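Residue numbers (PDB author numbering), protein chains in the order written: chain A, 1 to 218; chain B, 1 to 214. Report on the structure given below.
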Amino acid sequence: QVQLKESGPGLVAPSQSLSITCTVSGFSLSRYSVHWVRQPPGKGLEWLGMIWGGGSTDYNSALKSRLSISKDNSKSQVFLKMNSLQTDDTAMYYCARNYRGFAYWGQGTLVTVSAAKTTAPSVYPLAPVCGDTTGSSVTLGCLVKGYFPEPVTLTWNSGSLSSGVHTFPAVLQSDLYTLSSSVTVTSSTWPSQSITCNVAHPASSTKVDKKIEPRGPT
Amino acid sequence: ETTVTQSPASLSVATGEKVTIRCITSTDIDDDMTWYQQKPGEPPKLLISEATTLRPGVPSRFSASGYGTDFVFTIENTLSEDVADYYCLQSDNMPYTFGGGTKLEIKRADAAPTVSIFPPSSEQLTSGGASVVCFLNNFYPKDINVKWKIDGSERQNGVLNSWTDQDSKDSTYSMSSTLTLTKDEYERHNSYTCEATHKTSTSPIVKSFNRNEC
């Protein structure tokens with residue numbers, strides 16, 4: 001029952017400040033050290049700094065000038081602050097607890113440092129072509145186009161249809177992300193049973209559910 | 001700072017073969033070495049503590065050795081679920097430093113793609129956009145090429161491709177290719193085609209449809 005969770009802004013403009021909250025449970029902050037680590041998209045891990053149980057701080061020299069860590073032992077919360085943010089600070093930010101290694105991590109919060117503006121996605125259902133050769137199995141799809149920043153959460157039937165799914169990483173084109181997802185079921189299961197794509201873009205408070213309906217009369 | 005050099009940066013092994021990953025520290029770090037496995041979309045997972053102590057619940061196939069400057073991480077019988085990025089970490093002196101990481105992929109038997117082509121949705125056509133999507137699913141090896149053709153003529157601009165990470169269960173890859181046009185340019189042609197050239201076939205796999213024919 002050792003848990004950590006990062007709460008961050010998601011989208012920061014360059015030259016502005018960043019604040020991340022690490023809410024922990026199952027252990028007392030006064031007795032364990034919490035570390036901060038970041039991972040630029042597609043790159044390796046960088047140790048950012050730490051805060052000891054007693055309250056002393058050690059920061060990474062590279063960012064020491066802009067990095068600041070505090071905490072509140074009572075509320076089980078550790079805080080990260082970054083000044084003079086820049087585009088090369090875009091990364092996934094993790095907090096982790098150290099005891100004989102970084103054994104427990106948060107799931108990480110993605111921070112995109114960019115002046116671009118939040119845009120909600122358009123969600124499109126991708127039903128099979130007409131004709132096709134409907135036999136043995138069928139493949140449906142979901143296209144999520146024109147959104148910023150990452151991430152987006154795509155599920156199929158609220159997460160129940162997780163088998164035979166391929167959700168592809170988003171691609172950035174003209175400062176807007178595009179993402180897609182395929183799901184393969186047996187011919188007998190669709191369109192008999194309903195299949196729906198569930199898309200959430202939290203940075204824009206968007207949550208869309210697009211049902212995949214045949215293109216013709218069936 | 002203490003620098004940690006991790007090698008190799010990339011690695012590909014057949015199912016069952018051994019994996020060897022090495023981390024050299026610029027200074028003597030005693031045994032303050034830990035090893036991690038990171039799957040896509042997840043944080044790193046601690047596998048080894050104190051250079052050699054396997055964390056409970058980690059398969060015995062995993063092991064590590066070293067004291068001082070030379071540390072080695074080993075997988076005896078690599079299984080499909082072992083695909084991931086692996087990292088070492090020195091915790092001897094500040095600032096803590098990670099190795100550069102090792103990307104592990106699994107060699108397996110050839111698998112031809114399952115290709116599916118999807119015309120633009122009616123909802124997208126109303127907004128003025130037109131995306132033709134081609135899914136190329138569960139193939140191996142990762143190398144593959146998609147050629148879009150409109151009325152038999154190759155189209156290059158406006159294509160966005162994306163690959164999944166190697167699958168943890170069957171060790172295959174999948175890809176999405178999306179050709180984005182204007183509703184106008186889309187309605188100006190008839191046959192749309194995505195051709196996949198893969199090691200699994202000399203004649204490319206073709207999926208196509210006609211705009212007005214259905």
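We treat Cβ as the ideally placed atom computed from N, Cα and C, and that holds for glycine.
Quick check: the Cα distance between residue i and residue j, rounded to an integer number of angstroms?
i, j, result
"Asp89 (chain A)", "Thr3 (chain B)", "21 Å"
"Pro14 (chain A)", "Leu85 (chain A)", "5 Å"
"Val199 (chain A)", "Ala170 (chain A)", "13 Å"
"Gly10 (chain A)", "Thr206 (chain A)", "15 Å"
"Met50 (chain A)", "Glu76 (chain B)", "35 Å"
"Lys149 (chain B)", "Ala9 (chain B)", "37 Å"
"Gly42 (chain A)", "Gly108 (chain A)", "14 Å"
"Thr5 (chain B)", "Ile21 (chain B)", "11 Å"
"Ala116 (chain A)", "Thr102 (chain B)", "33 Å"
"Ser131 (chain B)", "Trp35 (chain B)", "43 Å"
"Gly129 (chain B)", "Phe209 (chain B)", "18 Å"
Please work out which residues of its chain come closer than 7 Å, Cβ to Cβ, to residue i, disregarding the five sequence neighbours upstream and downstream, and give them in chain order.
i, result
"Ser194 (chain A)", "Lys211"
"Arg108 (chain B)", "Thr15, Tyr140 and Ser171"
Alpha helix (DSSP H) containing residue i: first to last residue?
i, result
"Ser127 (chain B)", "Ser122 to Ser127"
"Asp184 (chain B)", "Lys183 to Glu187"
Would you list the residues sitting across from residue i in a DSSP beta bridge?
i, result
"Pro125 (chain A)", "A:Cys142"
"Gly135 (chain A)", "A:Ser137"
"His35 (chain A)", "A:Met50 and A:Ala96"
"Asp70 (chain B)", "B:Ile24"
"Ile20 (chain A)", "A:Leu80"
Excluding sequence positions up to five away, which residues of its chain have a Cβ less than 6 Å from the Cβ of residue i?
i, result
"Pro95 (chain B)", "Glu1"
"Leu160 (chain B)", "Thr178"
"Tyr124 (chain A)", "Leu143"
"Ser116 (chain B)", "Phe135"
Step through the CB atoms of chain A and report whether any lies within less than 9 Å of the CB of residue i.
i, result
"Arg108 (chain B)", "no"
"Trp148 (chain B)", "no"
"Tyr87 (chain B)", "yes"
"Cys214 (chain B)", "yes"
"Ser26 (chain B)", "no"
"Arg22 (chain B)", "no"
"residue 226 (chain B)", "Past the boundaries of the shown model lies residue 226 (chain B); chain B is included only from 1 to 214, so the question cannot be answered."
"residue 224 (chain B)", "Coverage of chain B is limited to positions 1 through 214, which leaves residue 224 (chain B) absent and any answer about it impossible."
"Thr178 (chain B)", "yes"
"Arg61 (chain B)", "no"
"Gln124 (chain B)", "yes"
"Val83 (chain B)", "no"
Within its chain, find whatever has a CB closer than 8 Å to the CB of residue i; leave out the 5 residues flanking it on each side and keep chain order.
i, result
"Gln166 (chain B)", "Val83, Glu105, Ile106, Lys142, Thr172 and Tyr173"
Please report the residue range of the beta strand (DSSP E) in which residue i lies.
i, result
"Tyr192 (chain B)", "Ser191 to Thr197"
"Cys88 (chain B)", "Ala84 to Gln90"
"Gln77 (chain A)", "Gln77 to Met82"
"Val165 (chain A)", "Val165 to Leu172"
"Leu45 (chain A)", "Careful: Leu45 (chain A) lies outside any beta strand (DSSP E) and carries neither H nor E."
"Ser12 (chain B)", "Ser10 to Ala14"
"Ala62 (chain A)", "Taken as a continuous stretch (DSSP letters only), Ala62 (chain A) belongs to no beta strand (DSSP E), as it is neither H nor E."
Taking only beta-carbon atoms, is residue i less than 9 Å away from chain B?
i, result
"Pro169 (chain A)", "yes"
"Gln107 (chain A)", "yes"
"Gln173 (chain A)", "yes"
"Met50 (chain A)", "yes"
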